[PDB]
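Let me begin by presenting the structure, written as structure tokens, before commenting on it.
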Amino acid sequence: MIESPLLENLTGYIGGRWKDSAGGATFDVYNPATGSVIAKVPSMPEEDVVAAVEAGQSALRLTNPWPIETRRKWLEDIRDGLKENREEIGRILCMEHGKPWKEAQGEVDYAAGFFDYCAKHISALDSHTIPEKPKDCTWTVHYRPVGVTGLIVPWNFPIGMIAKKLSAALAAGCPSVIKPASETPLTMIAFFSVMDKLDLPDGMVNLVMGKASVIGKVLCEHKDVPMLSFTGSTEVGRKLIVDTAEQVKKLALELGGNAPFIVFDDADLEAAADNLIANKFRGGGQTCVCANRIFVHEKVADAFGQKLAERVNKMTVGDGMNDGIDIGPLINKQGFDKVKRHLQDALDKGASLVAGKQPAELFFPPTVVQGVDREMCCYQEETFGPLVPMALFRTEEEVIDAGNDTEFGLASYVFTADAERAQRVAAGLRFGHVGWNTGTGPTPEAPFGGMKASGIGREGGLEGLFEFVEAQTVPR
Amino acid sequence: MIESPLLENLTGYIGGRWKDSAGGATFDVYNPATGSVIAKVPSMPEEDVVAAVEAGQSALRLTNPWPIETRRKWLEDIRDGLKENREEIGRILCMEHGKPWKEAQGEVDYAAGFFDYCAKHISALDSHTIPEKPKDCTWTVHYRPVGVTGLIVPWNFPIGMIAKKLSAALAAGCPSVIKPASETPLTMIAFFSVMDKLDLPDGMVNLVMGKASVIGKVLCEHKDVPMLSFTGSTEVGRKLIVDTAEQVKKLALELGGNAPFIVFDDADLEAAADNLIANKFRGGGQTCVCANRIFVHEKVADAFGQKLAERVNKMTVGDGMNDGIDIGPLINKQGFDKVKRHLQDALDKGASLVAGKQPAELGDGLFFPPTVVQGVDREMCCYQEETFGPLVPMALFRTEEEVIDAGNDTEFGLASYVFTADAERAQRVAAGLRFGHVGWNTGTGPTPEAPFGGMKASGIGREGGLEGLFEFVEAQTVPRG
């Protein structure tokens with residue numbers, strides 16, 4: 001059983017109060033490393049969620065809005081709370097997620113970064129008066145809080161994800177009802193424990209936990225929740241669009257991906273291998289930003305694969321708390337099985353094994369396979385595991401089409417020394433994020449979001465700041 | 001039957017060509033003023049709508065975009081084309097909608113200003129490099145065309161609506177497939193006739209017409225139509241959301257509204273009265289920007305009704321082709337019956353008839369006289385529903401807080417208006433009003449220079465101003481190492 005100064009209150013949080021009405025109802029939180037229960041978390045009822053919304057609604061202030069300077073201070077204080085607690089918050093993340101302790105701490109730093117960007121740029125929501133005076137009026141445009149919002153996040157980034165949402169929601173003056181994945185609630189609870197000591201207005205942030213059905217239902221149907229920001233499965237997200245259609249709710253969605261990582265025959269192979277590894281095994285591959293389809297030009301395919309094998313073979317798998325562990329365990333059995341299945345499917349269909357073990361011999365080790373085509377499962381769906389499937393290509397036009405050969409359009413990466421070709425590939429890829437000779441993911445300073453089925457809206461950057469506002473135009 | 005040089009091609013417009021596969025399949029357009037059929041338009045099949053998309057897809061240039069000056073010239077040419085053919089489009093508009101010729105022409109002017117505004121501000125979509133350099137990279141943000149869009153518009157503004165959508169979509173480099181209401185296809189045809197002579201790329205604009213089911217279904221299902229921009233009924237809007245959820249399509253939605261027009265006891269009454277009459281009766285009240293609930297402070301209610309009845313009685317209803325007509329017929333029997341039913345309902349429940357006729361006296365036409373009822377409360381249909389007709393329902397109120405809750409007492413949040421000599425109070429009202437548009441001592445509607453759209457169930461996204469320019473683009477972040 002886990003114990004932490006950040007978790008002395010193992011319960012919900014409503015209107016400035018740690019509380020719940022589960023009546024002892026509980027759900028288990030496992031450590032994927034030990035296969036053991038590390039905490040029993042209150043499984044909260046419908047009524048707690050409704051209580052949460054009433055509290056948020058009561059912190060919402062339109063006629064007498066919290067001032068810009070007051071909000072900026074919450075933002076700074078949160079940035080500072082995360083940084084101060086990185087080690088312990090990161091510890092809890094490692095234990096419920098699997099992710100190595102060091103990487104987990106870094107995610108906390110990353111989270112801090114989003115609060116920092118919103119604090120410095122919160123003025124971007126300042127209302128403005130256009131210079132033109134049509135129909136003999138003066139026209140002023142305001143950005144109103146959208147209202148109480150539900151922030152829903154997956155286990156993929158137990159702390160980084162909510163940071164992207166909460167930072168922009170607070171900047172806009174929106175109270176929020178927050179729901180974490182039942183796989184990684186503890187990092188949430190810890191996070192609230194830190195905020196609990198920062199003098200946020202009662203009901204500005206609220207925490208509900210438990211059965212997805214119970215929480216999701218209230219949040220979808222409630223008339224005082226004009227907006228949902230959801231990150232998670234495309235399946236669940238599509239059900240959200242349907243279930244919020246009558247009220248025509250405002251949605252921010254970041255869903256599944258199928259990131260093509262493209263390496264040209266004129267690529268800097270060493271940089272590309274280095275970037276690939278950094279990109280791919282972050283979170284044991286369990287990311288929507290992680291490369292999923294590696295396209296390598298025939299002329300350098302063999303040398304590239306060997307470069308990844310040299311790198312991949314020096315990596316270690318195991319318990320992430322221990323030191324010197326590069327990748328931890330996958331989140332659960334269902335996730336492990338899908339990765340094993342993709343491995344089998346590729347080999348059975350005749351891909352070759354460049355690095356890693358045979359599925360029969362299988363914690364999932366870093367694995368590289370070569371000779372992948374559109375017929376393999378791992379090409380058609382996202383692996384969410386430490387698997388590197390290499391596909392071949394020769395032409396620019398071919399690889400762009402193959403790149404775009406998917407429902408999705410979240411992240412992608414292109415490596416080439418021809419700057420003009422790199423630029424065309426970026427324009428041609430129907431993805432919200434394109435790495436140009438880098439495999440680096442989204443940053444708080446810039447928009448991240450998907451085209452096609454990968455989502456709606458952008459988080460991070462200028463546009464991220466506008467997620468939780470409604471433009472209101474006022475002629476005088 | 002209607003004859004015009006702008007209507008020498010009464011058919012669709014795909015890939016530069018006037019064509020269709022209707023095989024003779026027709027639908028009728030009526031002049032709401034005469035009850036006569038004025039045109040028979042081809043009822044285009046699935047395959048025509050799919051062709052429209054293929055054409056558009058073929059004009060989509062991701063990797064070798066149409067240069068920003070080229071796109072700028074299109075907008076400029078279109079803006080000039082509208083202004084030039086402003087009287088003949090106004091004519092066709094008048095006859096199919098019912099709106100008076102003047103008003104119609106003015107709508108063409110209004111449409112032109114969206115194109116103008118987008119030409120002046122097209123530079124807003126330029127990619128930009130941020131000053132920060134996290135993770136050793138230089139970060140550039142691009143705004144790519146979303147891809148081929150479907151532009152779907154209602155009959156309320158046969159030229160104004162489409163103008164909002166197409167000006168932004170061209171500025172973006174988005175080829176579009178365009179679907180007007182079957183009640184008002186001719187203004188659309190006229191518009192395409194005007195654009196057809198402007199050297200646009202084959203496939204940049206495309207026109208489809210016919211059965212809503214048919215057209216709508218292709219646009220929802222097709223994988224090359226990443227985005228839909230729809231103005232129309234909240235009902236159909238809800239259906240679009242559901243029918244495009246699987247692909248998670250990007251949608252812009254401008255749907256129904258229930259606009260509260262609020263008048264304080266310290267308000268300049270003559271100005272509010274003036275404003276009310278101009279806002280309410282435009283398009284014969286058949287607009288989502290038209291006041292639907294008029295909240296008046298008890299201390300000025302009586303004087304206010306007088307002022308309104310005074311102006312209403314001077315107004316004139318008739319065929320809009322004739323000079324001196326302030327308001328023309330309503331669009332159809334369904335619309336007429338609704339305005340009638342809200343009038344009946346109000347009087348059945350106690351409302352007083354300050355101006356206009358008792359429902360049983362209403363003519364055999366679609367002509368509905370400007371009417372004013374007093375004594376209206378939340379129990380009444382016209383308060384609960386949007387009336388879309390020349391009806392002015394007056395509800396009383398006392399306090400600021402009471403009237404703000406009253407204004408928000410609706411599914412929607414499109415437009416709203418407040419009159420008050422108190423400027424600090426006026427600002428608290430705008431703030432508390434969950435509406436995308438709030439008139440401050442004015443009743444004017446949306447403008448190309450500023451964002452317009454709904455909070456709540458009135459829609460998703462904004463047209464006009466800056467944010468409108470960003471509707472038809474996908475932002476793309478490109479860090480470079």
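Residue numbering restarts at 1 in every chain; chains get A, B, ... in the order shown in the structure tokens, and ligands count up from 1 in that same order.
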Please determine the contact residues of chain A with respect to chain B at a cut-off of 8 Å, counting only C-alpha atoms, and supply them as a PyMOL selection string.
chain A and resi 62-64+130+132+134-135+139+141+144+146+226+238+241-242+245-250+407+424-428+431-438+440+443+445-448+451-456+458+470-476
Residues of the last selection are to be written out with C-alpha atoms, as a compact mmCIF listing (two decimals), in the first residue's frame.
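That gives us selection_18.txt:
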```txt
# COMPACT_ATOMS: atom_id res chain seq x y z
CA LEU A 62 -19.55 36.64 -15.22
CA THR A 63 -20.81 39.98 -13.90
CA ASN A 64 -17.91 40.19 -11.37
CA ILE A 130 -11.76 46.88 -33.58
CA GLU A 132 -13.57 49.95 -37.92
CA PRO A 134 -19.55 49.88 -39.17
CA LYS A 135 -23.25 50.80 -38.78
CA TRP A 139 -17.36 47.29 -31.71
CA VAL A 141 -15.04 41.86 -28.66
CA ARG A 144 -16.17 35.20 -21.88
CA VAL A 146 -17.44 29.30 -21.54
CA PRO A 226 -21.36 23.98 -21.56
CA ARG A 238 -17.03 9.54 -30.64
CA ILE A 241 -19.94 13.77 -29.67
CA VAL A 242 -23.12 11.73 -29.98
CA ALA A 245 -25.25 16.65 -29.65
CA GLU A 246 -28.66 17.84 -28.39
CA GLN A 247 -27.22 20.55 -26.18
CA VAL A 248 -24.71 21.10 -28.96
CA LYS A 249 -21.94 21.26 -26.36
CA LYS A 250 -18.56 22.82 -27.14
CA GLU A 407 -8.25 7.82 -40.19
CA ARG A 424 6.45 19.83 -48.97
CA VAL A 425 6.07 16.70 -46.85
CA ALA A 426 4.88 18.83 -43.93
CA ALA A 427 2.27 20.58 -46.12
CA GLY A 428 1.18 17.26 -47.58
CA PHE A 431 -1.35 15.96 -39.27
CA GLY A 432 -1.50 18.72 -36.68
CA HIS A 433 2.08 18.11 -35.64
CA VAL A 434 5.03 17.42 -37.96
CA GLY A 435 8.58 16.96 -36.73
CA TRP A 436 11.14 18.29 -39.16
CA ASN A 437 14.40 16.46 -38.53
CA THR A 438 13.19 16.01 -34.96
CA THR A 440 10.16 15.96 -30.32
CA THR A 443 5.42 22.05 -26.37
CA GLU A 445 4.42 27.38 -26.61
CA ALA A 446 2.60 26.02 -29.70
CA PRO A 447 -0.71 24.44 -30.78
CA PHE A 448 -1.16 20.67 -30.65
CA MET A 451 -6.74 16.77 -38.14
CA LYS A 452 -9.23 14.16 -39.37
CA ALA A 453 -10.44 11.71 -36.70
CA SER A 454 -7.63 12.59 -34.32
CA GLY A 455 -9.70 15.36 -32.72
CA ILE A 456 -11.15 18.83 -32.46
CA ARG A 458 -5.77 22.82 -30.23
CA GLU A 470 -16.70 32.28 -26.04
CA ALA A 471 -16.17 35.31 -28.25
CA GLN A 472 -18.86 37.87 -27.55
CA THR A 473 -19.20 40.88 -29.86
CA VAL A 474 -20.67 44.12 -28.52
CA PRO A 475 -21.56 47.07 -30.77
CA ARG A 476 -22.34 50.31 -28.89
```
Quick one: residues within 12 Å of residue 101 in chain A, only C-alpha atoms, excluding same-chain residues fewer than 3 positions away - as a PyMOL selection string?
chain A and resi 86-98+104-108+283+318-328
Residue contacts of residue 380 in chain A (9 Å, only C-alpha atoms) excluding same-chain residues fewer than 6 positions away, as a compact mmCIF listing (two decimals) with C-alpha atoms, in the first residue's frame:
```txt
# COMPACT_ATOMS: atom_id res chain seq x y z
CA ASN A 258 -1.14 6.78 -36.21
CA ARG A 374 -0.43 -1.97 -45.13
CA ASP A 405 -3.25 6.43 -45.24
CA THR A 406 -5.18 6.42 -42.00
```
Residues near residue 84 in chain B, cut-off 12 Å, only C-alpha atoms, skip fewer than 4 positions along chain, as a PyMOL selection string
chain B and resi 77-80+88-90+105+108-109+112+191+194-195
Any chance you can output those residues with N, CA, C and O atoms as a PDB file, in the first residue's frame?
```
ATOM      1  N   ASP B  77     -12.189  40.242 -56.715  1.00  0.00           N
ATOM      2  CA  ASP B  77     -13.052  40.097 -57.875  1.00  0.00           C
ATOM      3  C   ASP B  77     -14.491  39.746 -57.468  1.00  0.00           C
ATOM      4  O   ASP B  77     -15.437  40.360 -57.947  1.00  0.00           O
ATOM      5  N   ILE B  78     -14.658  38.755 -56.599  1.00  0.00           N
ATOM      6  CA  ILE B  78     -15.994  38.393 -56.137  1.00  0.00           C
ATOM      7  C   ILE B  78     -16.686  39.570 -55.443  1.00  0.00           C
ATOM      8  O   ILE B  78     -17.846  39.857 -55.710  1.00  0.00           O
ATOM      9  N   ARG B  79     -15.965  40.261 -54.570  1.00  0.00           N
ATOM     10  CA  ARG B  79     -16.536  41.409 -53.876  1.00  0.00           C
ATOM     11  C   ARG B  79     -17.025  42.469 -54.861  1.00  0.00           C
ATOM     12  O   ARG B  79     -18.055  43.112 -54.634  1.00  0.00           O
ATOM     13  N   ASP B  80     -16.280  42.638 -55.950  1.00  0.00           N
ATOM     14  CA  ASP B  80     -16.631  43.576 -57.004  1.00  0.00           C
ATOM     15  C   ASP B  80     -17.772  43.034 -57.855  1.00  0.00           C
ATOM     16  O   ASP B  80     -18.674  43.778 -58.236  1.00  0.00           O
ATOM     17  N   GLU B  88     -29.721  43.038 -59.943  1.00  0.00           N
ATOM     18  CA  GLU B  88     -30.354  41.865 -60.560  1.00  0.00           C
ATOM     19  C   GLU B  88     -30.367  40.647 -59.638  1.00  0.00           C
ATOM     20  O   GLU B  88     -31.247  39.782 -59.736  1.00  0.00           O
ATOM     21  N   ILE B  89     -29.381  40.574 -58.748  1.00  0.00           N
ATOM     22  CA  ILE B  89     -29.362  39.527 -57.734  1.00  0.00           C
ATOM     23  C   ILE B  89     -30.414  39.874 -56.687  1.00  0.00           C
ATOM     24  O   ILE B  89     -31.201  39.026 -56.278  1.00  0.00           O
ATOM     25  N   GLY B  90     -30.434  41.139 -56.287  1.00  0.00           N
ATOM     26  CA  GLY B  90     -31.514  41.667 -55.477  1.00  0.00           C
ATOM     27  C   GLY B  90     -32.890  41.337 -56.040  1.00  0.00           C
ATOM     28  O   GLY B  90     -33.821  41.083 -55.284  1.00  0.00           O
ATOM     29  N   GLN B 105     -31.285  44.168 -52.237  1.00  0.00           N
ATOM     30  CA  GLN B 105     -30.086  44.753 -52.806  1.00  0.00           C
ATOM     31  C   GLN B 105     -29.086  45.032 -51.720  1.00  0.00           C
ATOM     32  O   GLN B 105     -27.900  44.762 -51.877  1.00  0.00           O
ATOM     33  N   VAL B 108     -27.026  42.130 -50.787  1.00  0.00           N
ATOM     34  CA  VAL B 108     -25.923  41.933 -51.710  1.00  0.00           C
ATOM     35  C   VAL B 108     -24.758  42.814 -51.288  1.00  0.00           C
ATOM     36  O   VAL B 108     -23.614  42.390 -51.350  1.00  0.00           O
ATOM     37  N   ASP B 109     -25.053  44.026 -50.829  1.00  0.00           N
ATOM     38  CA  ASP B 109     -24.008  44.928 -50.363  1.00  0.00           C
ATOM     39  C   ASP B 109     -23.315  44.318 -49.161  1.00  0.00           C
ATOM     40  O   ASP B 109     -22.081  44.236 -49.082  1.00  0.00           O
ATOM     41  N   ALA B 112     -21.021  41.556 -49.904  1.00  0.00           N
ATOM     42  CA  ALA B 112     -19.799  42.003 -50.557  1.00  0.00           C
ATOM     43  C   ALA B 112     -18.723  42.344 -49.542  1.00  0.00           C
ATOM     44  O   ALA B 112     -17.544  42.218 -49.828  1.00  0.00           O
ATOM     45  N   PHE B 191     -25.340  33.990 -58.219  1.00  0.00           N
ATOM     46  CA  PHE B 191     -24.003  34.110 -57.656  1.00  0.00           C
ATOM     47  C   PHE B 191     -22.971  33.272 -58.444  1.00  0.00           C
ATOM     48  O   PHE B 191     -21.899  33.770 -58.805  1.00  0.00           O
ATOM     49  N   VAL B 194     -22.262  34.774 -61.716  1.00  0.00           N
ATOM     50  CA  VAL B 194     -21.322  35.886 -61.583  1.00  0.00           C
ATOM     51  C   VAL B 194     -19.877  35.423 -61.360  1.00  0.00           C
ATOM     52  O   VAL B 194     -18.962  36.017 -61.910  1.00  0.00           O
ATOM     53  N   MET B 195     -19.670  34.369 -60.571  1.00  0.00           N
ATOM     54  CA  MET B 195     -18.315  33.870 -60.290  1.00  0.00           C
ATOM     55  C   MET B 195     -17.715  33.106 -61.463  1.00  0.00           C
ATOM     56  O   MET B 195     -16.495  32.967 -61.584  1.00  0.00           O
TER      57      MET B 195
END
```
Can you list, as JSON, numbers by chain, every residue of range 158-323 of chain B that DSSP puts in helix (DSSP H, G or I)?
{"B": [160, 161, 162, 163, 164, 165, 166, 167, 168, 169, 170, 171, 172, 186, 187, 188, 189, 190, 191, 192, 193, 194, 195, 212, 213, 214, 215, 216, 217, 218, 219, 220, 221, 234, 235, 236, 237, 238, 239, 240, 241, 242, 243, 269, 270, 271, 272, 273, 274, 275, 276, 277, 278, 279, 280, 281, 282, 283, 284, 285, 301, 302, 303, 304, 305, 306, 307, 308, 309, 310, 311, 312, 313, 314]}
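Here the DSSP assignment of strand (DSSP E or B), based on backbone atoms, applies within range 326-408 of chain A to residues 327, 352, 353, 354, 355, 367, 368, 369, 370, 371, 372, 387, 388, 389, 390, 391, 392 and 393 of chain A.
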